[PDB]
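Chains as they are written, first to last, in PDB author numbering: chain K, 2 to 179; chain J, 2 to 116, 168 to 204; chain F, 2 to 261. To keep things clear, I will list the structure first and then write my remarks on it.
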Amino acid sequence: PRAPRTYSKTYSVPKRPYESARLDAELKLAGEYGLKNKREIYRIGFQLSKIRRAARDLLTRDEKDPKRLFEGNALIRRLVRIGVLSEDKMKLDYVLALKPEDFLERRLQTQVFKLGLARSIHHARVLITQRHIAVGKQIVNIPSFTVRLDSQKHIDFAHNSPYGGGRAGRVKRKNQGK
Amino acid sequence: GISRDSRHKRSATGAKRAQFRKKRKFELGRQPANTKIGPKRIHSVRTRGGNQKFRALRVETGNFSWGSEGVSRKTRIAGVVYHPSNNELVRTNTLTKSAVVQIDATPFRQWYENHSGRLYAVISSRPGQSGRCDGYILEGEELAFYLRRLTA
Amino acid sequence: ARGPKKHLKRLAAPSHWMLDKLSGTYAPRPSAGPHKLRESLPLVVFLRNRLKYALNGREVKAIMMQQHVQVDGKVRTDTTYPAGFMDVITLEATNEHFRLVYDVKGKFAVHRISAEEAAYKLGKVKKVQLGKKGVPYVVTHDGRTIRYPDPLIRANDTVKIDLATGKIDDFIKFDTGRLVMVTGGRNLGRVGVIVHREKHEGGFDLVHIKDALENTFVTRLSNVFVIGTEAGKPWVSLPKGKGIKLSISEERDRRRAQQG
RNA sequence: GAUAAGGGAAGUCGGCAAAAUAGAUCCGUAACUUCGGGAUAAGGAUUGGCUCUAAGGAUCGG
RNA sequence: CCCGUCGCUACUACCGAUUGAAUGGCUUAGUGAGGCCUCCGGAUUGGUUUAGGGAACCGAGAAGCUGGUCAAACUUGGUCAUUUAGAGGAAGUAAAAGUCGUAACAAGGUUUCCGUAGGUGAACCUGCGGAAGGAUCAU
RNA sequence: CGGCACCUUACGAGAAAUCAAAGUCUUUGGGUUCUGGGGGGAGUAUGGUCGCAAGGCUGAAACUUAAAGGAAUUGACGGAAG
RNA sequence: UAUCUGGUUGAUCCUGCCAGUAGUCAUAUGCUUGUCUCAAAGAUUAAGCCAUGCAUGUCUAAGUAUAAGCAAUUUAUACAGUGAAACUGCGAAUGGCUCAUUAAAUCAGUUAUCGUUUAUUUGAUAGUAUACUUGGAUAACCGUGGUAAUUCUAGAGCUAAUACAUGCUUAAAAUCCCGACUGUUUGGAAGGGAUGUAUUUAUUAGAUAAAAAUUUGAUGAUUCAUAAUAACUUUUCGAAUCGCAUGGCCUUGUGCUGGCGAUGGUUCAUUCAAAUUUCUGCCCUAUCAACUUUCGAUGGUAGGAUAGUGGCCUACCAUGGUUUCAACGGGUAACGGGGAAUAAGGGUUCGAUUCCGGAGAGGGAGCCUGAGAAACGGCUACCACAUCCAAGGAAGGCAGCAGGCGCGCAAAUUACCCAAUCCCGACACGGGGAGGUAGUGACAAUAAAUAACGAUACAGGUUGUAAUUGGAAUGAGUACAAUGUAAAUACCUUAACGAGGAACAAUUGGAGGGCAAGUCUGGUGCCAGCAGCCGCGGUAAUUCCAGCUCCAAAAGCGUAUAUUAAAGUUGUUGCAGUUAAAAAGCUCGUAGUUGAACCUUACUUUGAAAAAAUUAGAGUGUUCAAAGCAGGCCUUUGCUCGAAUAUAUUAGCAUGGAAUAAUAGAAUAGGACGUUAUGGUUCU
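Laid out in structure tokens, this is it:
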């Protein structure tokens with residue numbers, strides 16, 4: 002038959018379902034960033050856990066190793082490129098010191114809210130889901146779209162959105178047309 | 002069908018090997034020809050790859066070579082007189098390789114003139181393969197050994 | 002099983018064809034021909050996946066059925082014809098000539114050549130022995146048999162075939178210092194000079210080859226193809242990159258500078 | 001004293017009487033056992049005539 | 001606190017006359033389909049082809065036939081393996097704490113335990129030799 | 001020097017009783033043999049093997065159960081002592 | 001994330017298990033279910049049984065055309081275009097399915113064929129000592145038929161070939177044999193035969209260590225390639241074939257010559273293959289310790305058979321071969337492997353299943369054709385099932401696709417298509433249930449709605465809500481349309497419609513502890529029940545049945561089994577054995593393991609190898625992501641980075657090092673050097 006298509010899980014659940022300290026930390030962090038559920042935190046923890054695993058593996062290797070230099074520089078460059086890691090912490094020792102709030106800072110919902118296009122973070126999420134926000138000249142309706150630094154300045158309302166120069170929406174057109 | 006595979010046998014340690022696969026055509030076998038002496042009758046057999054083999058069922062004459070003079074003539078053969086494998090073949094006059102036969106001496110005599169009427173020969177051909185009973189003439193120590201074995 | 006196989010699953014195809022996983026279940030099974038199955042490039046792959054002149058197999062079949070494609074100076078209409086190493090493909094309708102030479106990355110480069118260079122090819126002598134009527138002959142790497150060779154020709158040499166008469170123009174003796182391309186292993190596509198040949202009777206002879214960057218590697222003698230009389234003097238045009246192997250970090254730096 | 005279609009102990013107190021087996025070579029041989037047996041256990045194959053082949057010895061001669 | 005016969009109920013496994021039964025594999029022996037090879041065979045059917053009525057003699061060649069070879073399948077016997085019936089016998093566990101006693105835990109009222117051998121409704125008792133995990137690290 | 005032991009301490013070990021080994025064992029590796037994997041069923045059944053026999057060696061499963069057990073503390077009790 | 005917590009007691013510290021907890025490319029099942037992408041699916045039990053339909057056919061200018069087929073009169077009165085039927089060629093041995101058997105068997109890595117067969121593809125290769133071109137069958141076809149019945153076929157009348165069976169055409173020499181005559185110092189010769197290539201023998205070349213008294217190939221290795229001599233052969237084949245163009249020379253002839261192609265053909269080489277084959281490596285079991293050898297078991301000699309090696313088989317002859325370093329036997333709810341789950345490391349469990357290798361088509365066995373089959377969508381026979389019958393007979397093989405029954409805890413449509421991927425055929429054109437597309441599909445995976453923002457009123461600390469008041473936004477859904485596609489569906493775009501209880505209403509399990517969340521209200525009263533465990537329940541139950549409230553995860557949540565972690569409760573890393581379970585009663589002792597110091601290998605480094613897929617990982621805005629291997633450039637009659645790389649690991653190969661650990665050496669010297677030491681015996 003045809004070749005298999007690869008797929009993988011993007012999260013992992015905690016081993017202890019009920020732990021007040023972890024439940025409160027997750028709920029507080031979800032309330033701060035307007036997340037729908039805990040799986041988006043499991044996803045962030047999973048991808049940071051594998052970034053850390055890669056960094057740990059390179060850090061156990063000797064310095065000046067060609068492989069350590071190549072994949073470590075690629076991973077650091079990617080993290081600076083995606084804005085999670087600051088420009089003054091390119092040492093592969095601060096990657097282990099990285100935290101989930103660094104990744105949650107770079108979400109589209111967070112950047113739109115911090116750019117003022119929405120009243121609150123939940124208004125930011127509904128603005129994204131309702132196809133009003135465009136990054137560059139492309140409409141993005143995924144709240145978890147991680148905004149790069151070079152894409153940061155091009156976040157604005159979609160040109161065909163009611164809030165961005167488009168025609169009036171269904172409700173307004175129904176009201177003003179009567 | 003007769004086959005050559007070692008699957009039917011048991012291992013060196015004695016273990017009875019189980020049934021692995023059914024018999025394959027690419028290892029078959031066929032019956033011995035048992036060449037006799039009589040009017041030249043050969044049957045061609047369709048072998049693997051499109052080749053052809055010629056069973057010598059019975060033959061009368063084949064070419065025999067005198068090694069000392071480098072001369073090969075087609076001459077009659079009387080019968081097989083000594084066979085290291087089986088004496089039943091000697092008794093029933095079955096022509097196979099390594100079998101001592103007696104040949105008509107007239108062509109070798111006539112060549113000798115131009116340059168007991170039956171000469172000994174050893175068939176080197178494989179009649180069950182090619183259909184020819186071709187051999188050479190005993191001379192020297194080979195001759196002495198076979199004559200000692202024949203007379204006893 | 003009961004006879005020769007006629008299909009090739011896409012996942013089981015040679016990796017240097019660079020076929021995609023999801024384009025289908027099967028891959029083109031190369032026909033019998035001058036080159037081995039694993040070391041060849043079918044014309045459907047060359048004309049559709051590499052040059053992208055044809056968009057699909059119906060078009061490659063229409064192209065070849067209009068008599069456009071010639072390999073080594075003869076018209077081929079077999080869509081699965083096994084084109085291989087050093088073969089010359091000429092499409093005079095588009096006025097294009099290609100030579101199939103490995104690049105240092107292990108794949109068949111798209112290396113265009115002039116018609117004058119497309120008028121010949123090189124072949125590695127595999128064996129010298131006597132034919133019928135006691136006539137010696139040479140077998141090259143693409144299965145060619147050339148009669149009445151130069152009595153100095155021995156195994157592992159390379160001859161230059163006129164490719165229009167099938168005769169031998171001239172040859173190169175196998176010796177220290179000759180330019181070589183590797184035709185097998187993980188050093189596929191690399192070009193260098195012989196420094197020292199280490200023999201192993203009853204086994205596989207090993208050849209030590211030095212890169213243009215003074216990198217030394219060892220490979221089996223069966224993977225060595227002489228392409229020039231000395232360093233920097235190949236008998237065929239080399240593909241882009243000149244057979245110099247760069248580390249992955251150096252390649253990353255070069256691509257970054259080239260793209261900005 | 002013999003033989004007998006089909007059945008095969010239905011006869012009779014009861015297989016009484018008769019039948020069946022039977023020499024030799026080769027194969028194979030259970031429970032149990034006091035380890036000695038049971039054992040020819042049970043159960044199978046072969047056997048003529050003729051023409052051959054092979055093996056097995058004695059006395060002399062260094 | 002606790003041990004055990006005995007009585008009732010339920011469940012599990014074991015032994016057990018029945019030369020018990022059933023299913024599957026391997027195999028001795030007998031019979032043996034079919035194909036293949038070989039040996040003859042020679043329906044008819046062409047002429048090496050010759051003939052003033054035609055006498056021939058050459059080839060191909062079907063059925064069939066002889067002897068071998070591979071060998072399906074059936075019957076009998078042996079053996080292995082897995083399920084399963086069984087009068088009766090002897091256990092184990094659970095339930096309730098029904099009867100009889102009080103063997104053990106205190107020197108448990110005969111110190112206890114181990115090996116062995118007898119005896120006895122039952123726990124158990126007794127002999128012989130050990131142990132302290134003793135009720136003595138000691139005169 | 002070799003033995004049979006003993007007295008004190010605990011650097012150290014151990015759940016503790018205690019231990020000159022039961023120490024040098026999460027700072028885990030000197031060499032080597034045997035045995036156990038919750039309690040029962042059970043050293044039972046079956047097969048094998050040794051034995052004159054008694055029995056010995058090897059040795060299950062079905063089923064059942066939430067503990068059984070080790071060392072020590074306080075109390076209660078003793079037909080034990082002061 | 002290298003984690004633990006509840007349960008033995010009046011209370012304590014332990015051993016230890018039971019219970020809790022999380023994942024599963026791990027299956028089933030319950031409740032529930034809005035969106036996008038991706039996508040498994042009658043393996044498990046029964047390799048149990050199958051109705052029906054389909055799944056393998058095929059023609060170019062180029063094999064054979066008098067279809068009484070179509071079409072037009074045209075460069076054509078031999079045919080000539082197109083083209084059924086048949087004969088011929090090729091394919092049908094690929095693919096697809098399944099995992100019953102199978103434990104040195106398959107398989108993996110690594111080897112060998114100087115031990116063989118090989119259609120086809122691609123190169124070479126053939127002047128060999130009636131010719132203006134040989135025969136007679138046969139199909140289709142016409143018309144007589146028999147049977148109830150089948151892809152049954154028989155008589156009669158035709159006719160063809162690249163079918164079948166036969167056959168010449170040719171260089172120039174040269175060489176060899178026999179040899180009348182002749183020369184007569186050993187020569188010359190008329191006349192007869194033979195030369196290419198295949199077969200089968202026998203005998204010769206096929207050389208190659210360096211000065212004095214003309215050739216000869218390869219290999220690590222050959223009796224190799226090849227040549228020569230003497231013969232042999234129910235004598236192999238060295239084109240009686242087919243299409244397009246029609247050219248050149250004139251000694252005015254249907255004269256002599258010739259261009260591109262089809263197909264075919266011998267041998268060698270190549271390629272696609274096949275078959276054997278070296279080394280090392282497989283789960284449980286000793287309640288399997290000896291097995292193999294009648295009637296092949298191990299080896300020797302000769303033969304037969306094979307494509308070939310080989311006890312593969314036969315004849316004769318020896319008594320060998322394996323084994324406690326586990327042979328042999330038994331079991332497997334066993335195809336092997338790439339791989340999958342979980343995992344600090346080491347490990348444990350799984351692998352029917354997308355790829356490779358093997359085997360099979362109800363169970364056996366035997367075969368034809370063919371290069372290739374012991375083939376089953378081929379045949380013959382038996383056994384078991386099973387279909388029609390007029391009972392005379394005939395026909396079967398879904399572990400292919402779909403579909404039906406059974407079995408079960410367990411698994412979908414008797415759909416569309418050759419458009420993509422490729423395969424087959426005489427082939428640009430036909431065919432392909434291979435494959436693709438859609439249907440069913442909560443197996444798993446990715447992303448992601450169920451609302452958002454103001455004002456009052458209050459409470460509240462310059463702002464978070466709790467309610468009743470507004471105006472905005474939107475997709476689920478429906479749809480013109482375009483895109484998509486073979487045609488559709490769906491996705492994506494997009495006119496018009498589409499939200500206040502925005503009823504367009506989120507569920508599954510729980511609230512004593514473990515374990516997050518009630519000592520609230522009502523009901524029962526050791527009942528009903530809950531409860532993985534401890535326990536709760538006998539009239540104010542924090543535990544049952546309900547209402548309210550609350551907790552966890554959420555388009556998912558719960559339950560069962562297996563497995564992994566937890567489990568240092570399998571312990572090599574890494575357990576315990578005085579008393580919790582566990583040192584044999586005590587010594588000897590073989591295999592095994594380990595062995596004081598001192599001056600051939602093993603080990604270790606590097607290289608080559610370990611298929612693709614999978615894993616890790618570089619690049620790359622699929623709108624993000626899972627993924628994919630794409631893509632990017634001022635908009636291009638074109639320019640242009642890519643598709644890395646690691647890891648594999650036992651066995652084999654090459655290499656450097658000589659510690660560590662083995663092994664050998666000169667004790668009756670049977671020792672080492674004399675390179676040009678002195679002689680003697682030889683061999684090339």
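Even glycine gets a Cβ: it sits at the ideal position worked out from N, Cα and C.
In this structure, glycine 117(K) lies away from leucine 93(K), with their beta-carbon atoms at least 8 Å apart. Ranked by Cα distance from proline 33(J), the options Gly187(J), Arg200(J), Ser182(J) are led by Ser182(J). Residues are counted here when their Cβ sits less than 7 Å from a Cβ of chain F; for the region 107–132 of chain K the count is zero.
With contacts defined by Cβ atoms closer than 8 Å, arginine 74(J) and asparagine 64(J) form a contacting pair.
One alpha carbon belongs to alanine 156(F), the other to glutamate 193(J), and they sit about 46 Å apart.
The alpha-carbon separation between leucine 9(F) and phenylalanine 21(J) amounts to approximately 28 Å.
Sorting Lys22(F), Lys211(F), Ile169(F) by C-alpha distance to the C-alpha of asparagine 188(F) places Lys211(F) at the top.
Taking one beta carbon from each stretch, the region 116–132 of chain F and the region 39–58 of chain F have fewer than 3 pairs nearer than 8 Å; the two do not touch. Assignment of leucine 9(F) by DSSP, reduced to helix, strand and coil, places it in the strand class. Assigned with DSSP and collapsed to three states, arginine 82(K) falls in helix. Within 9 Å of the CB of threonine 26(F), the CB atoms of chain K belong to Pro2, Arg3, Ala4, in sequence order along the chain.
Counting along the chain, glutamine 177(K) sits inside the alpha helix (DSSP H) bounded by residues 171–177. The continuous stretches of alpha helix (DSSP H) do not include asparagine 64(J), which lies in the beta strand (DSSP E) extending over residues 62–67. Within the region 204–226 of chain F, no residue has a Cβ lying closer than 8 Å to any Cβ of chain K. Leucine 86(K) is outside the set of residues whose beta carbon lies under 8 Å from a beta carbon in chain F. According to DSSP, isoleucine 147(F) shares a beta bridge with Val139(F).
Going by DSSP, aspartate 25(K) is part of the alpha helix (DSSP H) stretching over 21–34. Counting other Cβ atoms within 10 Å of its Cβ, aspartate 21(F) stays below 16 and is therefore classed as exposed. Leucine 171(J) is classed as buried because its beta carbon has at least 16 other beta carbons within 10 Å across all chains shown.
Ranked by how close their Cα comes to the Cα of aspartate 104(F), the residues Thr80(F), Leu247(F), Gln71(F), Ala258(F) have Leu247(F) in first place. Scanning its chain for C-beta atoms nearer than 8 Å, with the 5 sequence neighbours on each side dropped, one finds around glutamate 41(K) the residues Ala31, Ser145, in chain order. At a Cβ-Cβ threshold of 8 Å, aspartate 151(F) and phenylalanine 172(F) count as neighbours. Considering only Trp112(J), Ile38(J), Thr14(J), the residue with the shortest C-alpha distance to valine 91(J) is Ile38(J). If you draw a 10 Å sphere on the C-beta of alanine 204(J), you find fewer than 16 other C-beta atoms in it, and that means exposed. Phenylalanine 175(F) and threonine 184(F) have their alpha carbons spaced roughly 16 Å apart. Among the residues facing chain F, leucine 70(K) is included, as its CB has a counterpart in that chain under 8 Å away.
Within chain K, no C-beta atom comes nearer than 7 Å to that of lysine 246(F); the closest sits roughly 14 Å away. A Cβ of chain K is located within less than 8 Å of the beta carbon of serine 250(F).
Listed in chain order, the non-local C-beta contacts of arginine 179(F) below 8 Å within the same chain comprise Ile173, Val194, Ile195, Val227, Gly229, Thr230, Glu231, local neighbours out to five positions each way being set aside.
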